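Okay, so here's just one chain, in structure tokens, the form deposited in one PDB entry.
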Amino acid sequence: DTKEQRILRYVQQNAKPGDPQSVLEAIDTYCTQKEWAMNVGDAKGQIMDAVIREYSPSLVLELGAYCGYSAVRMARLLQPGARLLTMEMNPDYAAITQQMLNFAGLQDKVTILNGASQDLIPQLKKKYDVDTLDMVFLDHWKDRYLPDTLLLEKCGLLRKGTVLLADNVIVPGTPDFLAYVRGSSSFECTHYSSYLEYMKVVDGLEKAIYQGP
């Protein structure tokens, strides 16, 4: 029995079916009162909410679903017709994410893609009929933010005004990612200082808006 299974079970027993906000609240309560887990959390979540509301993206890609917290958080704020694609390499977590989305009633807005980002990203145009992405949320292995950003560019999946939003740029940190988006004339960057999920360690998100090549 895993921590991730316990979190799902807690949501299933306590949250309100088909109520995404109640699902987020139940996850936050579990992590506040029981076991910590690497969800973006409430504090950084408020920033994520503001970005989704501001830019109203039609197609979002999330890298790293884990238990589905960020998928629920983003999908609940998408406009009618808008869609989220979330990539997750670990099939146990992909199964948990699907059950979370099902409970939240968000399953028709979200598609879980099984596998590693480096293998799925190059298939998005052909296999999954994507032209370009409006937003990308990065929250997977921290040394893969830079390589995947470069792969997204190479594959032609970013357009002028595509918003990249990256978690954990301070803790654990994504220093190479930051040096790249901040140094590159291809991105205009904003830093959002906040706190690591479920504690008071300073962490932040970076918003990097693609400008074209």
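Only the largest set of C-alpha atoms that superpose within 1.5 Å between the two forms is called the rigid core. Residue numbers run from 1 along the displayed sequence. Only residues modelled in both forms are compared.
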Quick check: 184-192 versus 162-170, which has the larger average CA B-factor in the record? 184-192
With B-factors read from the PDB entry, the higher C-alpha mean of 117-125 and 136-144 is in 117-125
Highest CA B factor of 178, 157, 150, 61, as deposited, is found at 157
Can you tell me whether residue 98 has a C-alpha B-factor in the lowest, middle or highest third compared with the other modelled residues of the same chain? lowest
For residue 78, the third of its chain by CA B-factor is the highest
If you rank the chain by CA B-factor, which third does residue 24 end up in: lowest, middle or highest? middle
So, residue 54's CA B-factor, relative to its chain, sits in which third? The highest
Taking the entry's C-alpha B-factors for this chain, is residue 85 in the lowest, middle or highest third? middle
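Not on display, but discussed next: the form deposited in another entry.
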After superposing the two forms on their rigid core, pick out the one entry in 155, 59, 51, 38 with a CA shift of 2 Å or more between this form and the one not shown. 38
Rigid core fit then residue 15 CA moved by 2 Å or more between this form and the one not shown: no
Given a superposition on the rigid core, I'd like a yes or no on whether residue 24 shifts its C-alpha by 2 Å or more between this form and the one not shown. no
Align both forms on the core first, then report whether residue 192 has a C-alpha shift of 2 Å or more between this form and the one not shown. no
With a C-alpha distance change of 3 Å or more, do residue 104 and residue 198 lie closer or farther in the other entry? farther
Taking the shown form as the reference, report whether the CA atoms of residue 197 and residue 76 lie closer or farther apart in the other entry; the distance changes by 3 angstroms or more. farther
Superposed on the rigid core, segments between this form and the one not shown of at least 3 residues with Cα shifts of 2 Å or more: 37-42, 195-203
